[PDB]
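Heads up, the thing below is written out as structure tokens.
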Amino acid sequence: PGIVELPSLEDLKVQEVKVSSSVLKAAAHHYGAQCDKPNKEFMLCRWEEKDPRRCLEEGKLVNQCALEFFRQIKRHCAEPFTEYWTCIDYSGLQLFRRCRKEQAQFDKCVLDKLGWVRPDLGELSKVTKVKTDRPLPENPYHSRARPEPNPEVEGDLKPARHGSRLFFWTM
Amino acid sequence: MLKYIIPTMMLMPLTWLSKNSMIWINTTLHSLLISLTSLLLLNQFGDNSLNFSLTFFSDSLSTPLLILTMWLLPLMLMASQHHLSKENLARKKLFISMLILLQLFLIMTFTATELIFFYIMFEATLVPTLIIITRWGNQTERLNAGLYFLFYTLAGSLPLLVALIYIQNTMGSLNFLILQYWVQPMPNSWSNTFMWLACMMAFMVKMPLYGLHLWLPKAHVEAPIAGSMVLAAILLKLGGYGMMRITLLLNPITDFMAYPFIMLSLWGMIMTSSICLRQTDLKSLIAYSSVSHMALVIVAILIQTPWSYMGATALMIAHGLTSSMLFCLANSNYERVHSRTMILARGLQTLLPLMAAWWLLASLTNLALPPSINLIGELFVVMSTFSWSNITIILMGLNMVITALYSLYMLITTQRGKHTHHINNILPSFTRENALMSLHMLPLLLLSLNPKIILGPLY
Ligand SMILES: CCCCCCCCCCCCCCCCCC(=O)OC[C@H](COP(=O)([O-])OC[C@H](O)COP(=O)([O-])OC[C@H](COC(=O)CCCCCCCCCCCCCCCCC)OC(=O)CCCCCCCCCCCCCCCCC)OC(=O)CCCCCCCCCCCCCCCCC
Ligand SMILES: CCCCCCCCCCCCCCCCCC(=O)OC[C@H](COP(=O)([O-])OC[C@H](O)COP(=O)([O-])OC[C@H](COC(=O)CCCCCCCCCCCCCCCCC)OC(=O)CCCCCCCCCCCCCCCCC)OC(=O)CCCCCCCCCCCCCCCCC
Ligand SMILES: CCCCCCCCCCCCCCCCCC(=O)OC[C@H](COP(=O)([O-])OCC[N+](C)(C)C)OC(=O)CCCCCCCCCCCCCCCCC
């Protein structure tokens, strides 16, 4: 069949978010609050195109928005954030319930200096709506032409011509 | 043909509601009325057959076999009531019911328009015949004879089922009236050869053919008298009827497939007649005589000329009456001496003169004495086989010599000579027995007067 069409290595180069999973988990709720729109454009493009090769520009916008998010954290509230993700990072399961005072420090400094509000319980799990400008994929499964079905039955059901026609049975 | 099927079935409440002393009188009376009504099948035409319905029809071939079949039932009832006098009443009614049921199967076997219904009725006629032989037969060998009679016929006829259903798939119909007009010529191949064998060997067994006839001097002997009468008179003629229906479909392959069976039957009519010259059992002598006579019907069907079919159907009707009467005469001795040995009772013309006159008439009609329809059938088959090949007159004339020899040897041994001294229970002839002999012989002698009603579809 056809040759698979991959993007080049220069199409995949982007400045990475080189932070740990506890760093990402510490500012996860503010990341969901502040980086909503390009992330949801990307995940809508990802569930509609069903192809990661059709989602590279949206992923690059995701990475750019995440980098601007952590640069906006680092300029204003770097030390309460470091105090908070170190305490998140200590735990094996990385509990949020173990670190509520460092969370209160980080959320206080973030609300005072950056105006960000941490979302309530239930908000990040909402199904939102996304205003895209790309067209809707007309055939994302690349489904070919379907086979035409067998013809249905029609007409009034007349009696059997001369019965069963079973050798001599006249009915 | 429903006007004969319905009274034949109404014989069953007529025989299961009669009084304990009335079950022979009423069944004889109403089966004689059905036999009187059986003459209405003589509305035949020289171009078209008497076509009743989609299921039943009757040409000029089936009609004499129908009158013979509807006539043979009262004669079986008269013949078979003396040896069932000591019988239980319910088993007596069961015997009469098997006879009535066999008549019912035969009269819609001959009139069957479509060939698979012919096959269903033709193999339906086994089971009452089997029950009559194996239940009311007299001696030990009735069970083995029932096995031979069943498993020769089924072994011949289950290939016939496959052949007929193949004709149903190829032609589209097994209606005989349709197959008169859609019959395709059957060329030479191996597939058409085994087609011909599957169509013919069932009726070769039922005629019987020489070599396939081993069921017959056991089934016709170990049966009771009504079973031997119906086997000699109708059930050997189902084979000739089925051959005359089925050999329409088997042309022109018959014109070279017929030769081994023609050799078998032309030699077996000599061999079985020579066997009759050395029989000690009288009922077996009449059985091998039946094979000897039906060999000519096999040859007459396979040479398939008009004279041969006319002689074959006249020989079928005439041999039916004659051989049925010969079995009844053998029963008339067996009900007095209680042995079928022919050399036991002798000199019976000194003791039973009218019975000896019936023996004389039956032995004359057995040896084809003119102007009987026995000789009409015999002579027409001889004419047509001389047209077939001129050398066959040697076999036909030598068969006629040996047939006269065994018929008069039977007559001289049973009726002539000095009477056996130590047999003192030779009663006079009953009115029942003399009436049985006369109701066989008098229609046979009346058919010499107007013989055109027993000469097939092509008179
Ligand atoms: C306004 C409202 C009122 C209107 C009133 C109108 C009616 C008035 C009369 C009232 C009574 C009606 C009765 C039924 C209608 C007539 C049916 C008929 O005769 O069909 C002819 C039928 C076909 O002949 P046809 O000339 O082409 O058709 C004429 C009509 O068009 C036939 O019509 P058809 O073309 O439409 O027929 C259709 C088809 C036509 O047939 C075919 O297409 C051929 C295939 C039929 C079956 C073949 C099977 C073969 C293998 C098995 C053999 C079994 C053993 C045989 C019997 C052994 C003994 C029991 O029939 C069948 O296939 C049915 C199956 C067979 C049953 C027949 C009816 C029986 C009713 C009474 C039962 C009593 C017991 C009878 C004995 C049991 C066995 C039948 O004949 C046969 O099949 C022969 C067999 C015997 C039939 C039974 C006769 C009925 C009367 C019997 C009275 C005596 C009983 C004695 C006591 C019991 C036995 C000991
Ligand atoms: C449709 C109307 C028709 C009217 C005309 C009738 C046509 C013929 C019908 C049948 C004729 C034979 C019946 C008698 C023999 C059977 C019974 C018996 O043995 O009784 C002895 C007894 C006389 O003897 P007995 O002293 O009392 O006691 C017996 C002795 O103890 C000891 O007895 P035995 O052995 O010493 O004496 C028996 C003797 C023994 O003699 C023989 O066995 C020799 C016979 C053969 C050689 C001679 C004939 C050869 C052929 C030439 C003649 C035919 C063609 C002629 C035409 C011109 C040329 C072509 O045979 C005769 O006397 C019979 C004479 C007639 C023979 C016919 C041919 C039989 C031979 C076998 C078949 C041959 C081919 C078929 C021929 C068919 C002809 C129609 O006769 C009677 O009591 C007779 C009773 C009434 C008989 C009625 C017959 C007809 C019944 C039909 C009813 C429905 C239709 C209405 C017409 C009714 C007319 C009355
Ligand atoms: C009484 C005892 C002896 C009974 C002997 C019975 C006759 C002997 C031969 C019977 C052959 C079997 C039935 C054949 C039916 C033919 C129908 C038909 O369409 O034929 C053409 C068909 C042709 O096939 P077709 O019709 O599907 O092909 C299309 C047509 N052409 C050929 C043009 C392409 O024949 C066959 O398929 C095979 C026929 C021979 C079958 C061989 C197996 C049976 C062997 C004989 C058994 C004999 C009895 C054994 C038991 C004895 C007692 C215990």
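Scheme for the structure tokens: letters A, B, ... for chains in order shown; per-chain residue numbers from 1; ligand numbers from 1 in order shown.
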Residues within 8 Å of ligand 1 (only C-alpha atoms and all ligand atoms), as a CSV table (one decimal) with N, CA, C and O atoms, in the first residue's frame?
chain,number,residue,atom,x,y,z
A,168,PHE,N,-46.6,-33.8,-6.1
A,168,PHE,CA,-48.0,-34.1,-6.4
A,168,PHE,C,-48.9,-33.5,-5.4
A,168,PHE,O,-50.2,-33.6,-5.6
A,169,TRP,N,-48.4,-32.8,-4.4
A,169,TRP,CA,-49.3,-32.2,-3.5
A,169,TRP,C,-49.9,-30.9,-4.1
A,169,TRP,O,-49.1,-29.9,-4.3
A,170,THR,N,-51.1,-30.9,-4.4
A,170,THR,CA,-51.8,-29.8,-5.1
A,170,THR,C,-52.1,-28.6,-4.2
A,170,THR,O,-52.5,-27.6,-4.8
A,171,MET,N,-51.9,-28.7,-2.9
A,171,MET,CA,-51.9,-27.6,-2.1
A,171,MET,C,-50.7,-27.4,-1.3
A,171,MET,O,-50.2,-28.4,-0.7
B,1,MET,N,-60.6,-40.8,-9.7
B,1,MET,CA,-60.5,-42.2,-9.2
B,1,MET,C,-60.9,-42.3,-7.7
B,1,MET,O,-60.6,-43.3,-7.1
B,2,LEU,N,-61.5,-41.2,-7.3
B,2,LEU,CA,-61.8,-41.1,-5.9
B,2,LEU,C,-63.1,-41.9,-5.6
B,2,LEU,O,-63.3,-42.3,-4.4
B,5,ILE,N,-61.6,-45.1,-4.5
B,5,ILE,CA,-60.7,-45.0,-3.3
B,5,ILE,C,-61.6,-44.9,-2.0
B,5,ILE,O,-61.4,-45.6,-1.0
B,6,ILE,N,-62.7,-44.1,-2.1
B,6,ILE,CA,-63.5,-43.9,-0.9
B,6,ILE,C,-64.3,-45.1,-0.5
B,6,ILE,O,-64.3,-45.4,0.7
B,7,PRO,N,-65.0,-45.9,-1.4
B,7,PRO,CA,-65.6,-47.2,-1.0
B,7,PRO,C,-64.6,-48.2,-0.5
B,7,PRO,O,-64.9,-49.0,0.4
B,9,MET,N,-61.9,-47.4,1.2
B,9,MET,CA,-61.6,-47.1,2.6
B,9,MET,C,-62.8,-47.3,3.5
B,9,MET,O,-62.7,-47.6,4.7
B,10,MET,N,-64.0,-47.1,2.9
B,10,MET,CA,-65.2,-47.4,3.7
B,10,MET,C,-65.5,-48.9,3.9
B,10,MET,O,-66.4,-49.3,4.7
B,11,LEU,N,-64.7,-49.8,3.3
B,11,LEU,CA,-64.6,-51.2,3.7
B,11,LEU,C,-64.0,-51.3,5.1
B,11,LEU,O,-64.3,-52.3,5.7
B,12,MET,N,-63.2,-50.4,5.5
B,12,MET,CA,-62.6,-50.5,6.9
B,12,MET,C,-63.6,-50.3,8.0
B,12,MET,O,-63.6,-51.2,8.9
B,13,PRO,N,-64.5,-49.3,8.0
B,13,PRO,CA,-65.6,-49.4,9.0
B,13,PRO,C,-66.6,-50.5,8.7
B,13,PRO,O,-67.3,-50.9,9.6
B,52,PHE,N,-58.6,-38.2,-15.1
B,52,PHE,CA,-59.5,-37.7,-14.1
B,52,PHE,C,-59.1,-36.4,-13.5
B,52,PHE,O,-59.9,-35.4,-13.6
B,53,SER,N,-58.0,-36.4,-12.9
B,53,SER,CA,-57.6,-35.2,-12.1
B,53,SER,C,-56.1,-35.1,-12.2
B,53,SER,O,-55.4,-35.7,-12.9
B,54,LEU,N,-55.6,-34.1,-11.4
B,54,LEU,CA,-54.1,-33.9,-11.3
B,54,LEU,C,-53.4,-35.1,-10.7
B,54,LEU,O,-52.2,-35.3,-11.0
B,55,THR,N,-54.0,-35.8,-9.8
B,55,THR,CA,-53.4,-36.9,-9.1
B,55,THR,C,-53.7,-38.3,-9.8
B,55,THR,O,-52.8,-39.1,-9.7
B,56,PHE,N,-54.8,-38.5,-10.4
B,56,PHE,CA,-55.2,-39.8,-10.9
B,56,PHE,C,-55.6,-39.7,-12.4
B,56,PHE,O,-56.2,-38.7,-12.8
B,101,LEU,N,-56.4,-52.8,2.6
B,101,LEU,CA,-55.4,-51.8,2.6
B,101,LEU,C,-54.5,-52.0,1.4
B,101,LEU,O,-54.1,-51.1,0.7
B,104,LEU,N,-56.4,-50.9,-1.6
B,104,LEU,CA,-56.4,-49.5,-1.6
B,104,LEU,C,-55.1,-48.9,-2.2
B,104,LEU,O,-55.1,-48.0,-3.0
B,105,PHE,N,-54.0,-49.5,-1.8
B,105,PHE,CA,-52.7,-49.1,-2.3
B,105,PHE,C,-52.5,-49.4,-3.8
B,105,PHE,O,-51.9,-48.6,-4.5
B,108,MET,N,-54.6,-47.1,-6.3
B,108,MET,CA,-54.0,-45.8,-6.6
B,108,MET,C,-52.5,-45.9,-6.8
B,108,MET,O,-51.8,-44.9,-6.9
B,117,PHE,N,-45.4,-40.5,-6.8
B,117,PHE,CA,-46.6,-41.0,-6.1
B,117,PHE,C,-46.9,-42.5,-6.5
B,117,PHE,O,-47.3,-43.3,-5.6
B,120,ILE,N,-44.3,-44.2,-4.2
B,120,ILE,CA,-44.8,-44.2,-2.8
B,120,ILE,C,-45.8,-45.3,-2.7
B,120,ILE,O,-45.8,-46.1,-1.7
B,121,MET,N,-46.8,-45.4,-3.6
B,121,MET,CA,-47.8,-46.4,-3.5
B,121,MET,C,-47.2,-47.8,-3.8
B,121,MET,O,-47.6,-48.8,-3.2
B,124,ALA,N,-45.5,-48.8,-0.9
B,124,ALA,CA,-46.5,-49.0,0.1
B,124,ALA,C,-47.1,-50.4,0.1
B,124,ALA,O,-47.6,-50.9,1.1
Return as a PyMOL selection string every polymer residue, whether protein, DNA or RNA, with at least one atom no more than 8 Å from an atom of ligand 2; count only C-alpha atoms and all ligand atoms. chain B and resi 353-354+356-358+360-362+364-365+368-373+375+438+441-449
At a cut-off of 10 Å around ligand 3, and using only C-alpha atoms and all ligand atoms, what residues come up? Please write them as a PyMOL selection string. chain B and resi 151-167+169-170+189-206+212
Output for the residues just chosen: N, CA and C atoms as an mmCIF file, in the first residue's frame:
data_model
loop_
_atom_site.group_PDB
_atom_site.id
_atom_site.type_symbol
_atom_site.label_atom_id
_atom_site.label_comp_id
_atom_site.auth_asym_id
_atom_site.auth_seq_id
_atom_site.Cartn_x
_atom_site.Cartn_y
_atom_site.Cartn_z
ATOM 1 N N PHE B 151 -36.338 -57.181 1.077
ATOM 2 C CA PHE B 151 -35.022 -56.644 0.777
ATOM 3 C C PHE B 151 -34.527 -56.951 -0.627
ATOM 4 N N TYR B 152 -35.289 -57.671 -1.452
ATOM 5 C CA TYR B 152 -35.007 -57.556 -2.878
ATOM 6 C C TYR B 152 -35.687 -56.328 -3.464
ATOM 7 N N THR B 153 -36.937 -56.089 -3.059
ATOM 8 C CA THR B 153 -37.724 -54.999 -3.622
ATOM 9 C C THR B 153 -37.152 -53.644 -3.232
ATOM 10 N N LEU B 154 -36.726 -53.494 -1.978
ATOM 11 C CA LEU B 154 -36.153 -52.218 -1.560
ATOM 12 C C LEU B 154 -34.788 -51.984 -2.189
ATOM 13 N N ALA B 155 -33.993 -53.045 -2.344
ATOM 14 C CA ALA B 155 -32.693 -52.913 -2.989
ATOM 15 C C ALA B 155 -32.830 -52.571 -4.462
ATOM 16 N N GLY B 156 -33.903 -53.032 -5.104
ATOM 17 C CA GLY B 156 -34.163 -52.606 -6.464
ATOM 18 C C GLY B 156 -34.730 -51.209 -6.562
ATOM 19 N N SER B 157 -35.539 -50.800 -5.586
ATOM 20 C CA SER B 157 -36.361 -49.608 -5.731
ATOM 21 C C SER B 157 -35.780 -48.352 -5.105
ATOM 22 N N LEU B 158 -34.850 -48.464 -4.188
ATOM 23 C CA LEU B 158 -34.233 -47.240 -3.687
ATOM 24 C C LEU B 158 -33.275 -46.565 -4.679
ATOM 25 N N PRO B 159 -32.588 -47.278 -5.589
ATOM 26 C CA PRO B 159 -32.044 -46.568 -6.764
ATOM 27 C C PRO B 159 -33.102 -45.938 -7.656
ATOM 28 N N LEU B 160 -34.297 -46.530 -7.732
ATOM 29 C CA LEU B 160 -35.366 -45.954 -8.542
ATOM 30 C C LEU B 160 -35.846 -44.624 -7.985
ATOM 31 N N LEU B 161 -35.822 -44.469 -6.660
ATOM 32 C CA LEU B 161 -36.165 -43.196 -6.036
ATOM 33 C C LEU B 161 -35.207 -42.094 -6.468
ATOM 34 N N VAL B 162 -33.907 -42.394 -6.472
ATOM 35 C CA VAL B 162 -32.897 -41.421 -6.871
ATOM 36 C C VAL B 162 -33.023 -41.093 -8.352
ATOM 37 N N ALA B 163 -33.303 -42.107 -9.176
ATOM 38 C CA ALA B 163 -33.481 -41.886 -10.608
ATOM 39 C C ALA B 163 -34.708 -41.031 -10.902
ATOM 40 N N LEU B 164 -35.812 -41.271 -10.189
ATOM 41 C CA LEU B 164 -37.021 -40.486 -10.416
ATOM 42 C C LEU B 164 -36.864 -39.056 -9.923
ATOM 43 N N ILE B 165 -36.176 -38.845 -8.799
ATOM 44 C CA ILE B 165 -35.988 -37.471 -8.337
ATOM 45 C C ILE B 165 -35.000 -36.732 -9.240
ATOM 46 N N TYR B 166 -34.056 -37.453 -9.847
ATOM 47 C CA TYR B 166 -33.205 -36.837 -10.860
ATOM 48 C C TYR B 166 -33.997 -36.459 -12.110
ATOM 49 N N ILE B 167 -34.987 -37.272 -12.495
ATOM 50 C CA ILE B 167 -35.873 -36.885 -13.597
ATOM 51 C C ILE B 167 -36.722 -35.681 -13.205
ATOM 52 N N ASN B 169 -35.748 -33.293 -11.256
ATOM 53 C CA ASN B 169 -34.896 -32.114 -11.354
ATOM 54 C C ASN B 169 -34.533 -31.765 -12.792
ATOM 55 N N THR B 170 -34.383 -32.755 -13.668
ATOM 56 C CA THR B 170 -33.959 -32.467 -15.034
ATOM 57 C C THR B 170 -35.129 -32.026 -15.904
ATOM 58 N N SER B 189 -24.174 -43.097 -22.671
ATOM 59 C CA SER B 189 -23.105 -42.726 -21.758
ATOM 60 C C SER B 189 -23.136 -43.728 -20.620
ATOM 61 N N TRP B 190 -22.153 -43.629 -19.724
ATOM 62 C CA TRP B 190 -22.198 -44.460 -18.526
ATOM 63 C C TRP B 190 -23.235 -43.941 -17.544
ATOM 64 N N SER B 191 -23.381 -42.618 -17.474
ATOM 65 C CA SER B 191 -24.363 -42.013 -16.586
ATOM 66 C C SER B 191 -25.780 -42.366 -17.006
ATOM 67 N N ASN B 192 -26.065 -42.322 -18.306
ATOM 68 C CA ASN B 192 -27.365 -42.779 -18.776
ATOM 69 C C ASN B 192 -27.521 -44.291 -18.671
ATOM 70 N N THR B 193 -26.420 -45.046 -18.681
ATOM 71 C CA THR B 193 -26.491 -46.489 -18.456
ATOM 72 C C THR B 193 -26.959 -46.808 -17.041
ATOM 73 N N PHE B 194 -26.355 -46.174 -16.040
ATOM 74 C CA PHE B 194 -26.803 -46.408 -14.673
ATOM 75 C C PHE B 194 -28.115 -45.713 -14.357
ATOM 76 N N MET B 195 -28.453 -44.660 -15.102
ATOM 77 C CA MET B 195 -29.809 -44.124 -15.113
ATOM 78 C C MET B 195 -30.814 -45.192 -15.525
ATOM 79 N N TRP B 196 -30.508 -45.903 -16.614
ATOM 80 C CA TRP B 196 -31.377 -46.959 -17.117
ATOM 81 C C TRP B 196 -31.479 -48.106 -16.122
ATOM 82 N N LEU B 197 -30.354 -48.477 -15.504
ATOM 83 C CA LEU B 197 -30.360 -49.550 -14.511
ATOM 84 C C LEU B 197 -31.174 -49.181 -13.280
ATOM 85 N N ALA B 198 -31.020 -47.954 -12.780
ATOM 86 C CA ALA B 198 -31.804 -47.532 -11.628
ATOM 87 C C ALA B 198 -33.282 -47.422 -11.961
ATOM 88 N N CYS B 199 -33.619 -47.076 -13.203
ATOM 89 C CA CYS B 199 -35.027 -47.047 -13.574
ATOM 90 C C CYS B 199 -35.606 -48.446 -13.754
ATOM 91 N N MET B 200 -34.804 -49.410 -14.202
ATOM 92 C CA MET B 200 -35.363 -50.690 -14.619
ATOM 93 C C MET B 200 -35.251 -51.810 -13.595
ATOM 94 N N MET B 201 -34.228 -51.817 -12.735
ATOM 95 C CA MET B 201 -33.947 -52.999 -11.919
ATOM 96 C C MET B 201 -34.987 -53.243 -10.832
ATOM 97 N N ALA B 202 -35.674 -52.195 -10.367
ATOM 98 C CA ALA B 202 -36.764 -52.368 -9.407
ATOM 99 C C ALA B 202 -37.879 -53.214 -9.994
ATOM 100 N N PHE B 203 -38.285 -52.882 -11.207
ATOM 101 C CA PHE B 203 -39.324 -53.642 -11.860
ATOM 102 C C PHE B 203 -38.806 -54.968 -12.395
ATOM 103 N N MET B 204 -37.503 -55.068 -12.688
ATOM 104 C CA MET B 204 -36.890 -56.365 -12.978
ATOM 105 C C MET B 204 -37.003 -57.310 -11.791
ATOM 106 N N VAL B 205 -36.839 -56.781 -10.579
ATOM 107 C CA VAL B 205 -37.056 -57.584 -9.380
ATOM 108 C C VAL B 205 -38.529 -57.942 -9.240
ATOM 109 N N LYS B 206 -39.418 -56.984 -9.489
ATOM 110 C CA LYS B 206 -40.834 -57.233 -9.246
ATOM 111 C C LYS B 206 -41.520 -58.071 -10.316
ATOM 112 N N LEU B 212 -32.938 -62.874 -10.407
ATOM 113 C CA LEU B 212 -33.462 -62.072 -9.316
ATOM 114 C C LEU B 212 -34.752 -62.645 -8.760
#
Determine which residues of chain A DSSP labels as helix (DSSP H, G or I) from the backbone of this structure, then write them out as a PyMOL selection string. chain A and resi 21-26+28-34+36-49+52-54+56-76+78-90+100-113
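Among the candidates B:112, B:436, B:180, B:398, the one nearest to chain A when counting only C-alpha atoms is B:112.
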Would you work out the distance separating CA of residue 95 in chain B from CA of residue 146 in chain B, expressed in Å to one decimal? 16.2 Å
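Within 9 Å of chain A, and counting only C-alpha atoms, chain B contributes residues 54, 55, 113, 114, 115, 116, 117, 168, 173, 174 and 175 of chain B.
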Write out as a short mmCIF file (atom, residue, chain, number, x, y, z; two decimals) with C-alpha atoms, in the first residue's frame which residues come within 9 Å of residue 65 in chain B when counting only C-alpha atoms, dropping same-chain ones fewer than 2 positions away.
data_model
loop_
_atom_site.label_atom_id
_atom_site.label_comp_id
_atom_site.auth_asym_id
_atom_site.auth_seq_id
_atom_site.Cartn_x
_atom_site.Cartn_y
_atom_site.Cartn_z
CA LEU B 61 -53.09 -50.30 -19.64
CA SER B 62 -54.04 -49.50 -16.06
CA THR B 63 -57.74 -50.28 -16.60
CA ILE B 67 -60.61 -54.36 -12.82
CA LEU B 68 -58.44 -57.38 -11.93
CA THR B 69 -57.35 -55.74 -8.66
CA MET B 70 -60.88 -54.79 -7.62
CA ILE B 107 -55.83 -49.09 -7.10
CA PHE B 110 -51.98 -48.08 -11.10
CA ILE B 234 -51.09 -58.12 -9.14
CA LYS B 237 -47.72 -56.97 -12.69
CA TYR B 241 -46.82 -51.59 -15.42
CA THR B 313 -50.71 -56.82 -21.13
CA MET B 316 -50.36 -60.15 -17.55
CA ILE B 317 -54.16 -60.25 -17.12
CA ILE B 454 -57.25 -56.17 -22.17
#
Which residue, B:177, B:220, B:188, B:72, has the smallest gap to residue 142 in chain B when you use only C-alpha atoms? B:220
Restricting the calculation to only C-alpha atoms, which member of A:102, A:58, A:51, A:107 is positioned closest to residue 37 in chain A? A:58
All residues 12 Å or closer to residue 294 in chain B, only C-alpha atoms, same chain fewer than 6 positions away omitted, as a PyMOL selection string: chain B and resi 203-210+213+216+232-240+264-266+268-270+272-273+287-288+300-301+311-320+323+377-378+381
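A straight line drawn from CA of residue 366 in chain B to CA of residue 322 in chain B is 6.4 Å long.
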Grab the CA of residue 83 in chain A to CA of residue 123 in chain A distance for me, in Å with one decimal place. 25.8 Å
